[PDB]
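First comes the structure, then the notes that go with it.
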Amino acid sequence: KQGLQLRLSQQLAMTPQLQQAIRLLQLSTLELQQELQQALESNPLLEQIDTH
Amino acid sequence: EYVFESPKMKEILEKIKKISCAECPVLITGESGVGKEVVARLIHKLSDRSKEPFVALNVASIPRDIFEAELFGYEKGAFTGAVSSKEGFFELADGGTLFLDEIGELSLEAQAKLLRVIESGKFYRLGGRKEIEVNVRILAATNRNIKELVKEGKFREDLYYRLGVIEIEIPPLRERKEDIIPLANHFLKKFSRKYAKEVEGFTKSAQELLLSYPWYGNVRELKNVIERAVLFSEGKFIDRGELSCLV
Amino acid sequence: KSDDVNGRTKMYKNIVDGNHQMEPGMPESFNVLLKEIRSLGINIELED
Amino acid sequence: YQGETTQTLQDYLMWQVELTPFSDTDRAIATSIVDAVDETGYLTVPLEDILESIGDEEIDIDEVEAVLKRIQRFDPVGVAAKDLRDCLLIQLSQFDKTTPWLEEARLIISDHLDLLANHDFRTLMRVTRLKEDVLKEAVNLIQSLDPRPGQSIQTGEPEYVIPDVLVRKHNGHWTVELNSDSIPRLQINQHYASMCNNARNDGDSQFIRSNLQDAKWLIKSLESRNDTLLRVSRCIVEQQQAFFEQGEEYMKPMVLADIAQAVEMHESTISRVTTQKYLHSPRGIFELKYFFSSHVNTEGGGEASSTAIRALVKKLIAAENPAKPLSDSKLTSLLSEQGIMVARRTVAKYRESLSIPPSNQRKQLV
Amino acid sequence: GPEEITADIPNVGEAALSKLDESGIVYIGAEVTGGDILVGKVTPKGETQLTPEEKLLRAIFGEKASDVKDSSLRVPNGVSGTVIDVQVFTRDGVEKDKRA
Amino acid sequence: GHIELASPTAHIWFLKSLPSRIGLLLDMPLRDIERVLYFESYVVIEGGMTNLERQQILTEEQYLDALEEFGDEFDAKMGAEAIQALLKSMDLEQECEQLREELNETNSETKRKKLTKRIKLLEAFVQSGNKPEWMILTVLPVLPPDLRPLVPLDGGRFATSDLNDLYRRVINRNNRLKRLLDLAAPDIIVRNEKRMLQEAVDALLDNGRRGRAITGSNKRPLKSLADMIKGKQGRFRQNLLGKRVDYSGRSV
DNA sequence: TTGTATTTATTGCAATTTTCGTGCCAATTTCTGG
DNA sequence: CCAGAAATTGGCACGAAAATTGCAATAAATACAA
DNA sequence: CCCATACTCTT
DNA sequence: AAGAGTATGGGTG
Ligand SMILES: Nc1ncnc2c1ncn2[C@@H]1O[C@H](COP(=O)(O)OP(=O)(O)OP(=O)(O)O)[C@@H](O)[C@H]1O
């Protein structure tokens with residue numbers, strides 16, 4: 001019946017596999033650059049080619 | 001913000017101040033609307049755990065089959081659907097205060113699940129093989145009579161002596177007759193400020209009426225009566241006619 | 001004649017009105033210098 | 001580096017206010033009035049707002065009116081006008097009485113200006129009690145005036161957009177490439193990544209491993225995004241090829257499904273990729289979504305893009321008789337002779353989208 | 001929108017356009033002084049919102065005036081001479097005018 | 001405006017303009033202070049109960065073995081935080097009286113000059129309202145925008161200016177350091193980030209005075225605030241002692 | 001000889017909303033015979 | 001000249017089609033241990 | 001070219 | 001243990 005329980009069962013589970021790296025396609029160049037700047041701030045091992 | 005003018009309430013305040021250095025669990029008992037939550041939060045505020053978390057938990061709102069998972073947490077792979085490890089309320093309230101509200105509504109099969117944690121402070125997570133030790137101070141509140149429930153048999157005798165190291169009993173409002181008028185004025189001022197009315201007191205007959213009604217909802221019923229009278233006021237003083245719901 | 005912003009306008013108006021008299025003020029380059037020195041972390045200010 | 005100061009319309013107006021014998025109250029009122037003037041030369045607020053902004057109750061509205069009248073005669077003449085009629089009357093008041101058609105033009109502007117806005121020439125001629133020749137002369141005199149006197153001092157520079165895709169014609173073939181001056185790119189810090197060894201602490205090792213994996217994933221994502229954009233742009237350019245050779249009127253109708261099938265992707269990906277992306281072509285700069293359009297059926301089983309039909313409508317309207325403009329029934333007939341099967345209501349919608357008035361509001365006396 | 005080189009500038013008089021040809025470019029052999037127009041050019045300024053006053057202006061004075069603004073090339077003040085040569089460079093793919 | 005620096009940074013004018021004010025105040029060689037500031041060597045802040053003085057310089061291996069031997073009996077640091085702690089812990093009056101006694105007793109020529117120099121610096125600091133730790137920067141001022149404008153060029157390009165570039169570099173370094181300190185990154189990375197932040201602040205204040213100079217695309221060093229202030233092309237000699245004027249002309 | 005932990009390789013389906021063309025008709029403008 | 005008649009226009013409607021957005025974690029190849 | 005400071009040989 | 005001499009770095013033009 002309708003209830004909330006913790007149990008050991010054998011089930012066939014569905015497969016979601018998307019929404020990963022999909023939001024970068026609709027971003028324009030400027031918003032993409034802002035996202036890349038945030039990622040550079042948050043990750044030590046990411047660097048951007050510099051002109052200085 | 002709180003009114004303590006009856007001698008019994010001042011004795012209770014002295015008791016609370018005398019146990020500010022303790023860590024033993026406390027058991028608060030009384031009727032409904034007497035101020036058990038107020039006393040619990042005042043006990044938490046005056047102790048050494050002032051800045052520590054105060055987790056207030058209603059033990060009657062936890063489903064029967066997931067009681068252990070809620071209280072202790074589980075490890076990854078413990079059951080079907082456990083995708084990541086998760087802690088419980090004893091780890092969440094670690095270093096602070098856990099306030100079990102309405103401990104008398106717990107069933108006999110659920111009271112036996114927290115017999116070792118309250119005294120020892122050590123437990124195992126669901127699917128975990130390492131013993132977790134926590135430092136939590138336990139406050140419990142009830143509106144029943146536990147000392148009679150244990151005699152009847154509806155409350156486990158092993159849990160009453162674990163919880164009731166210190167016992168506090170709050171008298172009903174009908175015996176704290178030195179608090180009725182100060183509380184009435186406090187609530188009247190608060191609700192007049194909230195609703196932007198222009199009432200600023202009671203008549204010499206409304207005060208007499210407020211001191212004879214046997215408040216059975218206690219302070220909550222008094223608060224509701226004062227709020228209702230403020231909402232439907234018409235002048236600058238509240239007369240006996242407005243308080244016709246009393247008697 | 002160079003960088004008193006209000007003084008330039010007042011002088012031009014007075015010359016058009018036929019009143020050859022100036023009302024000197026503070027040059028703007030000195031204010032720029034004060035801001036530049038303050039941007040170096042040094043407290044420099046005018047007194048009284 | 002430093003630029004140079006530029007004089008705007010308000011700077012010129014304040015320069016003239018400075019050299020005008022005003023009083024202190026009049027000078028403050030003039031300052032507020034000049035503050036309330038836009039770049040076209042018109043007053044943007046009612047005089048009540050100016051009177052309230054002055055900040056004292058000793059001043060009446062007629063003083064503001066007098067100051068405004070004095071200001072309106074500054075250079076350029078007609079600046080700070082309340083509306084178009086006021087500007088035209090102010091400009092006319094500076095003309096000598098020897099002007100041939102001054103009186104009739106003044107009468108038309110003062111009384112009947114909405115009729116001239118509706119291109120009546122019938123009720124206006126009846127009310128003015130005048131013939132066509134003198135009416136035409138008065139209208140020509142009116143149209144010689146300056147409707148935007150504040151544009152004499154023009155300031156500002158146009159804004160531009162950096163294209164993401166370049167389309168050219170190399171060796172007779174239309175070629176597509178990405179804009180190398182704006183393509184995003186990243187790298188991996190080798191100095192930081194050279195210390196991912198078990199010799200150091202395990203916490204440092206796990207930190208550096210996780211960050212390195214995330215960096216590589218992000219680089220791969222950027223590369224895939226660029227490749228997808230290039231492929232979609234190339235397919236779009238290959239499908240719409242008569243546009244780049246002969247401009248509009250040769251657009252083909254297409255939807256996202258065509259490109260999605262051509263590149264073997266989902267139309268959601270095609271929709272997301274072509275959002276706010278620009279393409280540079282010899283014909284100009286176009287958004288990638290400009291090449292998708294609806295269609296109307298054409299006799300012979302074909303279809304005609306709504307862009308081509310809009311261009312044809314514009315070209316047909318631009319080459320009509322000024323005395324007898326084409327209605328929508330006429331434009332529908334002139335399109336049916338070319339095989340286009342479009343309704344009257346759709347033609348009206350297309351004309352409205354081009355910001356073109358109806359036929360009765362386009363006729364001229366000449 | 002693209003800038004247009006044209007002889008139809010709405011905010012200038014007929015006399016000031018007398019030395020320009022049908023393409024908006026000055027004739028060969030014209031005597032010019034400071035302030036004269038050499039090449040007539042307009043810059044787009046159109047907007048998608050039409051206020052009632054803007055509608056009245058467009059109805060009375062035409063739609064071309066409300067869409068473009070003057071950005072012509074003028075002789076610098078203090079300069080005079082005779083036009084002896086004109087050259088036109090056009091990007092490949094753009095249609096050529098009469099002068100070219 | 002202002003910028004809240006993630007970690008303290010030293011002012012290059014009070015370190016590199018000879019004689020070094022920080023060095024003369026702390027009585028330390030410039031080489032050791034430079035080693036400490038740019039994360040090359042340690043320095044003891046509190047000696048403790050062991051045989052460690054209050055300004056001894058410790059190398060990496062020396063600090064490691066000191067930790068393995070004594071443990072938490074002392075305190076050693078590197079960077080501008082250590083220098084700031086040393087500056088904040090000194091008492092001016094006791095140093096003044098002790099050095100005056102030493103000068104009165106001892107007789108020499110060079111040492112007397114050194115003691116006189118130190119006495120003058122200490123008394124100048126005491127008489128004025130300044131404090132030594134103010135020579136270490138915690139907050140960074142930001143110039144008004146209209147004094148550092150952007151260059152508009154044909155085609156919509158805005159280019160950039162040297163001052164804006166230096167400010168952007170400082171801001172990027174500060175943001176990265178804040179993020180790394182928030183996530184508790186390994187020390188081997190945060191020390192490098194702090195050193196780079198110190199270098200960026202030095203470049204912003206006085207580019208080229210300390211070691212190398214940051215250059216642009218055409219290999220030209222960027223102009224800093226000091227370049228704006230000093231020189232024949234600076235404010236004093238180009239805009240204040242002489243200027244261009246109206247109502248003037250020239251001819252043959 | 002195999003069974004298992006690790007590292008690359010994954011840029012679509014399905015609701016929901018918005019836009020399309022074209023008809024009905026009232027309000028508005030224009031045309032024509034007595 | 002006038003009043004009836006005809007033509008024009010755009011707001012609202014309606015069904016259909018096209019475009020936009022929410023969902024968030026798996027599957028397979030590869031190298032290593034008994 | 002000229003001066004101030006740290007390091008090295010000598011009485 | 002001081003004192004004179006030499007090498008290095010900063011500033012100017
Ligand atoms: N001394 C007091 N001063 C002011 N308000 C009070 C006082 N005592 C009680 N109240 C008010 O009475 C109301 C009811 O109190 P409380 O919630 O503590 O009662 P309870 O039924 O015993 O508690 P609970 O069921 O939540 O454990 C609250 O709104 C509280 O603010």
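Chain identifiers are assigned alphabetically (A, B, ...) following the order of the sequence lines, protein sequences preceding nucleic acid strands; residue numbering begins at 1 within each chain. When reading the values below, keep in mind they use all heavy atoms of this one structure, side chains included, and skip hydrogens, waters and symmetry mates.
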Task: Check: A:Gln11 and B:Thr80 side chains under 4.5 Å, non-hydrogen atoms - done: yes
- [ ] Identify the residues of residues 98-129 of chain B whose heavy atoms come closer than 4.5 Å to a heavy atom of chain A, ordered by number, or report 'none'.
- [x]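 If one takes a 4.5 Å heavy-atom cut-off, the residues of residues 98-129 of chain B near chain A are B:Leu126.
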TODO: Name all pairs fulfilling the salt bridge (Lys or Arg N to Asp or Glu O under 4.0 Å) condition that reach into residues 22-49 of chain A, sequence neighbours left out, sorted by first residue then second.
DONE: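 Found A:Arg23-A:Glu35.
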If you draw a 6.0 Å radius around [atom1] in [X], do more than 12 non-hydrogen atoms from other residues or ligands fall strictly inside?
| X | atom1 | result |
| --- | --- | --- |
| B:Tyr195 | OH | yes |
| B:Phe79 | CZ | yes |
| B:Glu175 | CD | yes |

Open item on the list: Quick check on A:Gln10 against chain B: is it the side chain, the backbone, both or neither that has a heavy atom closer than 4.5 Å?
Closed with: neither
- [ ] Identify which part of B:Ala78 has an atom lying under 4.5 Å from any heavy atom of chain A, answering side chain, backbone, both or neither.
- [x] backbone
Task: Spacing of A:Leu6 atom CG and B:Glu68 atom CD [to the nearest 0.5 Å] - done: 7.5 Å
